[PDB]
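Below: one structure, written as structure tokens.
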Amino acid sequence: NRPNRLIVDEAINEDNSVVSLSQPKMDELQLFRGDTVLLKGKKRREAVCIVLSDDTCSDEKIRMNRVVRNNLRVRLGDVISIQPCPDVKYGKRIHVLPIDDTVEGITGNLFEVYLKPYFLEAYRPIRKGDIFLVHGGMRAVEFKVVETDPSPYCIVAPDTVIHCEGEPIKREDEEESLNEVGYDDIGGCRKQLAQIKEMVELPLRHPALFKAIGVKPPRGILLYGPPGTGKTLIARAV
Amino acid sequence: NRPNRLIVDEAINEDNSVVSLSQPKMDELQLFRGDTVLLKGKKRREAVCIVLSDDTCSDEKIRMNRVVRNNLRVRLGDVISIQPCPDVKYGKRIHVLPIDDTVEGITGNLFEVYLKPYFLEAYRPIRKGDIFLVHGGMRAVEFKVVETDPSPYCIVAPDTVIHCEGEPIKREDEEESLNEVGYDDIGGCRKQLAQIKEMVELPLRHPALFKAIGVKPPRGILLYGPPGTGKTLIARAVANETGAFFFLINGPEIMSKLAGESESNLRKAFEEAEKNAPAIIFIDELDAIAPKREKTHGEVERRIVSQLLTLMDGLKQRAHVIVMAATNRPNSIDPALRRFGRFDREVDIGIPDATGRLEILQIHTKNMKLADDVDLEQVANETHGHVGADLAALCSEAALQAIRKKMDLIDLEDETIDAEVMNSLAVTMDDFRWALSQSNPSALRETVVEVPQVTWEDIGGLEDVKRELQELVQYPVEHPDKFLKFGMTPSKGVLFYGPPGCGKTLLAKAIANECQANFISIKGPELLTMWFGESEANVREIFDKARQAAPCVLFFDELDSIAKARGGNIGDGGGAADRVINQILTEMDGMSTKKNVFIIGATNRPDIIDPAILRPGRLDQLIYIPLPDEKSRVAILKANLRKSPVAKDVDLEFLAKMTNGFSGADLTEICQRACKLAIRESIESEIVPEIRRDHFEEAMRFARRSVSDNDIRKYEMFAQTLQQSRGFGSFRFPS
Ligand SMILES: Nc1ncnc2c1ncn2[C@@H]1O[C@H](COP(=O)(O)OP(=O)(O)O)[C@@H](O)[C@H]1O
Ligand SMILES: Nc1ncnc2c1ncn2[C@@H]1O[C@H](COP(=O)(O)OP(=O)(O)O)[C@@H](O)[C@H]1O
Ligand SMILES: Nc1ncnc2c1ncn2[C@@H]1O[C@H](COP(=O)(O)OP(=O)(O)O)[C@@H](O)[C@H]1O
């Protein structure tokens, strides 16, 4: 039954694209702690991330971050596959090209003071066609590379060089705007959101499953709380 | 007169097509017990079934199941014929061909894991063209064979073979879709449905009989009960299985559209039903249609109310139609609709008790198979305030939790789903507990109208009052002629007083079970809720709901509890009467004694009750219950110790005789403390399921004595004063 599938769950870390797995998984696929791992998703695309050991989260699940959520076009409550990749990668050059969808009202050089302090002391592999969010300047902007060295063989190291052009590309409808609200954009209410996770994920991700059985799904959910509690944002995110 | 006709009645079994007959029928047509019987119906078709002996159902009737109901095209309240067929039948091959009407979203092989475990160990004859329902895979699907060996000669045996093709046929209009609601699809209410059976079956199945006689059939039936009780489903079932057209308009579909055509839609709804005679009309929501009590707003609202009143006032004989209406409370309906010829007949549906909720459990969970350690009897006991729809929602939600704990680790991401794994989704104990804890009941504060579950064995001792209560309320009901011959009327109510904590509710509850009647509960806090609310209209229908569910008994607890908040013997400048004392007796003064109803008054202090209540004619029977004796406390304690395990060295005669000023509650709290302290030792020793003698001496330490010596003399002097049998206690008449 291809024993490599993993359920998709929201992570708890507030760092960059770092996944969390359980302790038997480390020895199941002969990985070490600090190694580069490759993930395979849908739409025939790959991804790179870093494994992190955890024994408190669960027994059999993964905790995958918001960056590679939209990078791999994988939503919550789906299937995913993972595999090791013990290959030495030494990046040499990168192409920088933001999209004008969110880069508005900002001029000057935003590549030598904004992306520089974020890449050092991270040692995070990058892939051709990644979508990650970074902070700085009272706002946030994503990143996307369209033409670079063929992935794999990309590792953040000081010897790598950078070069900018200054002509943003037009976005397409193939991907989703990460600036929208996600599941990790709601805080302060953990017990209330878990009820929605087990109330809405089934009828939406499995339409034929409920269309084939006699179980009647709920047709209405009432949201309570004082005005401003975040009722609109929960509905927008789910 | 062809002595072979049989009336059609709904069966009680939950098995496949098995009929039930009476004991003389077995020898009338020379049948044995385990034989194949043939039934002949209308439309020139035959049927096969199995006879089952029964002596409890009736004297002359049949109890025929839901499968052959629709298989033989025979509805309830019709004629039928039966005949033996002692012919040896040995089937050899069967053709399987489902209809795509309900087989949707299901793929794979559904003939080797679904029909296989259902046919074995059944030995049920089958016929060419049968329609039967089977369960499995969180859903149900019927079956129909179109071409096979010529019936008869079809018996389920292991030597038979099967073969499938995989091309469903298109259904026709000759038969009826069995997936709809039937009469056996309603549970938890048996006494309420029997009234409809004798109210709707006559004008619908016999149109010419009423058209030829001068009897005026009812033109409107009002349905009561909290929302979700099943009012819509009862109306849907009583119309789909009578060959009568059913038209449904709920409550807001009228007000949703623009003003001007809403009345036209209502008018044409009545006109279209007359053409399809016989027909029926059901209104799901009507309290939102005619709120003519406190609304007094909207020009078109009264126009719609008057249009409905005109449409039903004008319902002459012409054709056959019955108008049904459903609501939540009797006080939320326009009184102009309650006039004669519109809604003269009313029926109330209450929340089912344990024996009703048990049935509503399987009537919904039949489509999913359970485990060998999962039972519905114990889970239906904790729930008391759940509406009939609450239980169905709980089952559906528990199914989701049962499937969620495995669907995560299965991770079967595919477009279609097979039926080989949807059937293996069994539910366990861990899912009902979570579902029942997370559920939110709807009717928790409605009037508690249920059948108790306590008998005379639960109450120890008190043999003096048992005979008095046995000779007072059962004699007028069992022997009505004797009371009428003498010319006097039976008593209407019994009020008793005594020290608190003597089971004043237990004898009132037990008297209802042995007399096979309903029971209502109006406790003290329930009686203090309108002393402040300034709403005297709520005490109005508590008697109506009791008299509608005849026979019934009315119970009043701590009847003087209102006087405590107002004082007592002196209190304020007033006396011993208020806005609620004058409402208790005014309503029961004008009631008919002939009705099978009873009023029970329980109180602790009889010196505070106003003498107006105790007047001869309303509450004249006074019974004083003293402290239990030594020989009665043994039975009282062993009644409570029945559920918990009891060791062999536990002596109860000595334990009961060492209490003198202890009432009934003092013994129950001692047992509760002992059995609670037993759990502490069991948990502490874990880091045994039997109680011992060591848990007693540590439990009687917390023995409380609520009934002090000041109240005993106060009650005795009142009882002796109210009894007064001195001076002429023993006298012989001369002649
Ligand atoms: N629990 C929360 N988590 C994250 N953001 C919140 C939360 N509650 C409020 N907010 C922020 O404040 C605003 C809440 O408004 P919103 O919830 O949409 O209206 P309402 O409170 O009426 O539902 C949003 O802009 C949201 O970003
Ligand atoms: N007594 C009952 N027997 C069987 N099913 C019931 C019963 N009560 C409720 N249900 C189920 O719950 C639902 C309750 O809806 P319904 O009773 O039609 O609305 P209302 O409660 O307003 O009459 C029904 O559709 C039925 O499936
Ligand atoms: N004869 C008896 N048999 C069984 N239980 C009794 C008896 N007398 C008193 N009790 C217990 O006393 C408890 C109090 O019952 P209750 O009806 O509240 O008394 P009261 O009439 O004072 O309200 C009951 O739970 C019952 O088990």
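Every chain in the structure tokens takes a letter, A first, then B, and so on in the order presented; its residues are numbered from 1, and the ligands are numbered from 1 following the presented order.
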Distance table requested - chain B against chain A, cut-off 12 Å, only C-alpha atoms: one row per qualifying residue with the closest atom pair and its distance in Å to one decimal, ordered by chain and rising residue number, as CSV.
```
residue,atom,partner,partner_atom,distance
B:102,CA,A:212,CA,9.9
B:103,CA,A:212,CA,8.7
B:104,CA,A:212,CA,6.5
B:105,CA,A:212,CA,4.4
B:106,CA,A:212,CA,6.0
B:107,CA,A:212,CA,9.5
B:135,CA,A:214,CA,11.3
B:136,CA,A:213,CA,10.3
B:137,CA,A:213,CA,7.5
B:138,CA,A:213,CA,5.7
B:139,CA,A:214,CA,5.2
B:140,CA,A:214,CA,8.2
B:141,CA,A:214,CA,10.9
B:179,CA,A:214,CA,11.8
B:364,CA,A:214,CA,10.6
B:365,CA,A:215,CA,10.7
B:366,CA,A:214,CA,11.6
B:367,CA,A:214,CA,8.6
B:368,CA,A:214,CA,9.8
B:392,CA,A:216,CA,10.0
B:393,CA,A:216,CA,8.5
B:394,CA,A:215,CA,11.1
B:395,CA,A:215,CA,9.1
B:396,CA,A:215,CA,5.8
B:397,CA,A:215,CA,8.4
B:398,CA,A:215,CA,10.2
B:399,CA,A:215,CA,7.7
B:400,CA,A:215,CA,8.1
B:401,CA,A:198,CA,8.5
B:402,CA,A:198,CA,11.8
B:403,CA,A:202,CA,10.3
B:404,CA,A:198,CA,8.1
B:405,CA,A:198,CA,10.7
B:407,CA,A:202,CA,10.0
B:408,CA,A:7,CA,6.8
B:409,CA,A:7,CA,7.7
B:410,CA,A:5,CA,9.3
B:411,CA,A:79,CA,6.8
B:412,CA,A:79,CA,8.6
B:413,CA,A:79,CA,7.1
B:414,CA,A:206,CA,9.1
B:415,CA,A:208,CA,7.0
B:416,CA,A:208,CA,6.8
B:417,CA,A:209,CA,6.8
B:418,CA,A:212,CA,9.6
B:419,CA,A:212,CA,9.4
B:421,CA,A:209,CA,11.8
B:422,CA,A:213,CA,8.4
B:423,CA,A:213,CA,10.3
B:425,CA,A:213,CA,11.6
B:438,CA,A:195,CA,10.5
```
Close residues to ligand 3 using only C-alpha atoms and all ligand atoms, limit 8 Å, as a PyMOL selection string:
chain B and resi 457-462+498-507+557-558+602-604+628+632-633+635-637+639-640+663-668
Dump N, CA and C atoms for the selected residues as an mmCIF file, in the first residue's frame?
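Wrote it out as part-v5.cif, contents follow:
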```cif
data_model
loop_
_atom_site.group_PDB
_atom_site.id
_atom_site.type_symbol
_atom_site.label_atom_id
_atom_site.label_comp_id
_atom_site.auth_asym_id
_atom_site.auth_seq_id
_atom_site.Cartn_x
_atom_site.Cartn_y
_atom_site.Cartn_z
ATOM 1 N N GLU B 457 -41.716 -2.826 44.684
ATOM 2 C CA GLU B 457 -40.553 -3.459 45.296
ATOM 3 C C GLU B 457 -39.451 -2.459 45.619
ATOM 4 N N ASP B 458 -39.424 -1.312 44.937
ATOM 5 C CA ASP B 458 -38.410 -0.300 45.209
ATOM 6 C C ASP B 458 -38.642 0.412 46.535
ATOM 7 N N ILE B 459 -39.869 0.404 47.045
ATOM 8 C CA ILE B 459 -40.210 1.058 48.302
ATOM 9 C C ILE B 459 -40.341 -0.024 49.366
ATOM 10 N N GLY B 460 -39.538 0.082 50.421
ATOM 11 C CA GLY B 460 -39.563 -0.897 51.495
ATOM 12 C C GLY B 460 -40.550 -0.513 52.586
ATOM 13 N N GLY B 461 -41.273 -1.516 53.082
ATOM 14 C CA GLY B 461 -42.232 -1.278 54.142
ATOM 15 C C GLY B 461 -43.417 -0.452 53.669
ATOM 16 N N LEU B 462 -43.988 0.307 54.607
ATOM 17 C CA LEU B 462 -45.141 1.171 54.348
ATOM 18 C C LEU B 462 -46.310 0.372 53.769
ATOM 19 N N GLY B 498 -45.746 14.560 55.984
ATOM 20 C CA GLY B 498 -44.842 13.863 56.867
ATOM 21 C C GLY B 498 -43.469 14.501 56.899
ATOM 22 N N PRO B 499 -42.535 13.878 57.622
ATOM 23 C CA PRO B 499 -41.178 14.414 57.669
ATOM 24 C C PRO B 499 -40.523 14.349 56.303
ATOM 25 N N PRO B 500 -39.710 15.345 55.948
ATOM 26 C CA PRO B 500 -39.017 15.307 54.653
ATOM 27 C C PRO B 500 -38.035 14.145 54.595
ATOM 28 N N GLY B 501 -37.910 13.549 53.412
ATOM 29 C CA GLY B 501 -37.002 12.435 53.225
ATOM 30 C C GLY B 501 -37.628 11.093 53.543
ATOM 31 N N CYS B 502 -38.861 10.878 53.076
ATOM 32 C CA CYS B 502 -39.553 9.614 53.296
ATOM 33 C C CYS B 502 -40.082 9.035 51.988
ATOM 34 N N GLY B 503 -39.468 9.393 50.867
ATOM 35 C CA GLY B 503 -39.906 8.898 49.573
ATOM 36 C C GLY B 503 -41.292 9.353 49.170
ATOM 37 N N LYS B 504 -41.613 10.631 49.390
ATOM 38 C CA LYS B 504 -42.928 11.147 49.027
ATOM 39 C C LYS B 504 -43.150 11.168 47.520
ATOM 40 N N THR B 505 -42.083 11.077 46.728
ATOM 41 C CA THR B 505 -42.208 10.956 45.282
ATOM 42 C C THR B 505 -42.243 9.506 44.821
ATOM 43 N N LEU B 506 -41.637 8.593 45.585
ATOM 44 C CA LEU B 506 -41.557 7.195 45.176
ATOM 45 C C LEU B 506 -42.922 6.522 45.111
ATOM 46 N N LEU B 507 -43.790 6.743 46.104
ATOM 47 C CA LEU B 507 -45.110 6.122 46.055
ATOM 48 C C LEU B 507 -45.992 6.743 44.982
ATOM 49 N N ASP B 557 -45.154 18.652 44.642
ATOM 50 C CA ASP B 557 -44.095 18.458 45.625
ATOM 51 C C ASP B 557 -43.943 19.706 46.486
ATOM 52 N N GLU B 558 -43.632 19.490 47.773
ATOM 53 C CA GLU B 558 -43.483 20.523 48.802
ATOM 54 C C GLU B 558 -44.487 21.653 48.606
ATOM 55 N N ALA B 602 -47.916 16.417 47.830
ATOM 56 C CA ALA B 602 -46.872 16.099 48.792
ATOM 57 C C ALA B 602 -46.390 17.371 49.474
ATOM 58 N N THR B 603 -46.300 17.324 50.800
ATOM 59 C CA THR B 603 -45.845 18.467 51.577
ATOM 60 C C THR B 603 -45.177 17.960 52.845
ATOM 61 N N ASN B 604 -44.362 18.825 53.447
ATOM 62 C CA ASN B 604 -43.663 18.504 54.685
ATOM 63 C C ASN B 604 -44.346 19.097 55.912
ATOM 64 N N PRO B 628 -40.027 5.277 59.377
ATOM 65 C CA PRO B 628 -40.036 3.837 59.098
ATOM 66 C C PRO B 628 -39.664 3.021 60.325
ATOM 67 N N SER B 632 -39.040 -2.316 58.311
ATOM 68 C CA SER B 632 -39.157 -1.687 57.001
ATOM 69 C C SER B 632 -37.826 -1.170 56.475
ATOM 70 N N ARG B 633 -36.937 -0.724 57.364
ATOM 71 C CA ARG B 633 -35.641 -0.211 56.940
ATOM 72 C C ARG B 633 -34.756 -1.281 56.315
ATOM 73 N N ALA B 635 -35.806 -3.662 54.222
ATOM 74 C CA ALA B 635 -36.230 -3.625 52.829
ATOM 75 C C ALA B 635 -35.818 -2.334 52.138
ATOM 76 N N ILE B 636 -35.904 -1.199 52.833
ATOM 77 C CA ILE B 636 -35.492 0.072 52.242
ATOM 78 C C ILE B 636 -34.018 0.037 51.856
ATOM 79 N N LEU B 637 -33.164 -0.484 52.739
ATOM 80 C CA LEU B 637 -31.736 -0.551 52.449
ATOM 81 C C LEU B 637 -31.420 -1.575 51.366
ATOM 82 N N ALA B 639 -33.338 -2.471 48.929
ATOM 83 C CA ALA B 639 -33.768 -1.939 47.642
ATOM 84 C C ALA B 639 -32.679 -1.085 47.003
ATOM 85 N N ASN B 640 -32.015 -0.246 47.800
ATOM 86 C CA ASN B 640 -30.925 0.577 47.289
ATOM 87 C C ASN B 640 -29.653 -0.225 47.048
ATOM 88 N N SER B 663 -34.590 9.004 58.856
ATOM 89 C CA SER B 663 -35.646 8.915 57.859
ATOM 90 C C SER B 663 -35.142 8.098 56.666
ATOM 91 N N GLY B 664 -35.900 8.087 55.568
ATOM 92 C CA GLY B 664 -35.500 7.319 54.402
ATOM 93 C C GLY B 664 -34.244 7.828 53.728
ATOM 94 N N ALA B 665 -34.100 9.151 53.608
ATOM 95 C CA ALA B 665 -32.922 9.719 52.961
ATOM 96 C C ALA B 665 -31.646 9.474 53.755
ATOM 97 N N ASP B 666 -31.745 9.373 55.084
ATOM 98 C CA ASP B 666 -30.572 9.124 55.912
ATOM 99 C C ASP B 666 -29.949 7.763 55.637
ATOM 100 N N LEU B 667 -30.757 6.758 55.297
ATOM 101 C CA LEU B 667 -30.218 5.459 54.917
ATOM 102 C C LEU B 667 -29.597 5.476 53.526
ATOM 103 N N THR B 668 -30.240 6.145 52.566
ATOM 104 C CA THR B 668 -29.700 6.221 51.214
ATOM 105 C C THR B 668 -28.377 6.972 51.167
#
```
Return as a Markdown table the residues of chain A lying at most 6 Å from ligand 1, together with the closest atom-to-atom pair for each and the distance in Å to one decimal, counting only C-alpha atoms and all ligand atoms, with rows in chain order and ascending residue number.
```
| residue | atom | partner | partner_atom_place_in_ligand_line | distance |
| --- | --- | --- | --- | --- |
| A:185 | CA | ligand 1 | 4 (C) | 6.0 |
| A:186 | CA | ligand 1 | 3 (N) | 3.9 |
| A:187 | CA | ligand 1 | 3 (N) | 4.3 |
| A:188 | CA | ligand 1 | 1 (N) | 5.3 |
| A:227 | CA | ligand 1 | 22 (O) | 4.1 |
| A:228 | CA | ligand 1 | 21 (O) | 2.1 |
| A:229 | CA | ligand 1 | 21 (O) | 3.9 |
| A:230 | CA | ligand 1 | 17 (O) | 2.5 |
| A:231 | CA | ligand 1 | 23 (O) | 3.5 |
| A:232 | CA | ligand 1 | 18 (O) | 4.1 |
| A:233 | CA | ligand 1 | 18 (O) | 4.9 |
```
Residues of the last selection are to be written out with N, CA and C atoms, as a CSV table (one decimal), in the first residue's frame.
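Dumped to result24.csv:
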```csv
chain,number,residue,atom,x,y,z
A,185,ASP,N,-2.8,31.8,10.8
A,185,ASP,CA,-3.0,33.3,11.0
A,185,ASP,C,-4.1,33.6,12.1
A,186,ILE,N,-4.6,32.5,12.8
A,186,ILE,CA,-5.5,32.7,13.9
A,186,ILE,C,-4.9,32.2,15.2
A,187,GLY,N,-4.8,33.0,16.2
A,187,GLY,CA,-4.2,32.7,17.5
A,187,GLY,C,-5.2,33.0,18.6
A,188,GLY,N,-4.8,32.4,19.8
A,188,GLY,CA,-5.6,32.6,21.0
A,188,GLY,C,-6.8,31.7,21.2
A,227,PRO,N,-18.3,41.1,19.3
A,227,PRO,CA,-17.8,41.6,18.0
A,227,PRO,C,-16.3,41.9,18.0
A,228,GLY,N,-15.6,41.5,17.0
A,228,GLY,CA,-14.2,41.6,16.9
A,228,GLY,C,-13.4,40.4,17.4
A,229,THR,N,-14.1,39.3,17.8
A,229,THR,CA,-13.4,38.2,18.3
A,229,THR,C,-12.6,37.4,17.2
A,230,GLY,N,-13.0,37.6,16.0
A,230,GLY,CA,-12.3,37.0,14.9
A,230,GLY,C,-13.2,36.0,14.1
A,231,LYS,N,-14.5,36.1,14.2
A,231,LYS,CA,-15.4,35.2,13.6
A,231,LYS,C,-15.3,35.3,12.0
A,232,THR,N,-15.2,36.5,11.5
A,232,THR,CA,-15.0,36.6,10.0
A,232,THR,C,-13.7,36.0,9.5
A,233,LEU,N,-12.6,36.2,10.2
A,233,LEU,CA,-11.4,35.7,9.8
A,233,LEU,C,-11.3,34.1,9.9
```
Contact check, chain B to ligand 2, at most 8 Å, counting only C-alpha atoms and all ligand atoms, closest pairs as CSV:
```
residue,atom,partner,partner_atom_place_in_ligand_line,distance
B:185,CA,ligand 2,4 (C),5.7
B:186,CA,ligand 2,3 (N),3.7
B:187,CA,ligand 2,3 (N),4.3
B:188,CA,ligand 2,1 (N),5.4
B:189,CA,ligand 2,1 (N),6.4
B:226,CA,ligand 2,21 (O),7.1
B:227,CA,ligand 2,22 (O),4.4
B:228,CA,ligand 2,21 (O),2.1
B:229,CA,ligand 2,21 (O),4.1
B:230,CA,ligand 2,17 (O),2.6
B:231,CA,ligand 2,23 (O),3.5
B:232,CA,ligand 2,18 (O),3.8
B:233,CA,ligand 2,18 (O),4.6
B:234,CA,ligand 2,18 (O),7.7
B:284,CA,ligand 2,22 (O),6.9
B:285,CA,ligand 2,22 (O),7.8
B:326,CA,ligand 2,23 (O),7.2
B:327,CA,ligand 2,22 (O),7.7
B:352,CA,ligand 2,1 (N),7.9
B:360,CA,ligand 2,3 (N),5.8
B:363,CA,ligand 2,4 (C),6.7
B:364,CA,ligand 2,5 (N),7.2
B:387,CA,ligand 2,8 (N),7.3
B:388,CA,ligand 2,8 (N),4.0
B:389,CA,ligand 2,12 (O),3.7
B:390,CA,ligand 2,12 (O),7.3
B:391,CA,ligand 2,12 (O),7.9
B:392,CA,ligand 2,11 (C),5.9
B:393,CA,ligand 2,12 (O),7.6
```
I need the strand (DSSP E or B) residues of region 137-332 of chain B per DSSP on the backbone, written as an MDAnalysis selection string.
chainID B and resid 140:143 161:164 169 220:223 245:249 279:283 321:326
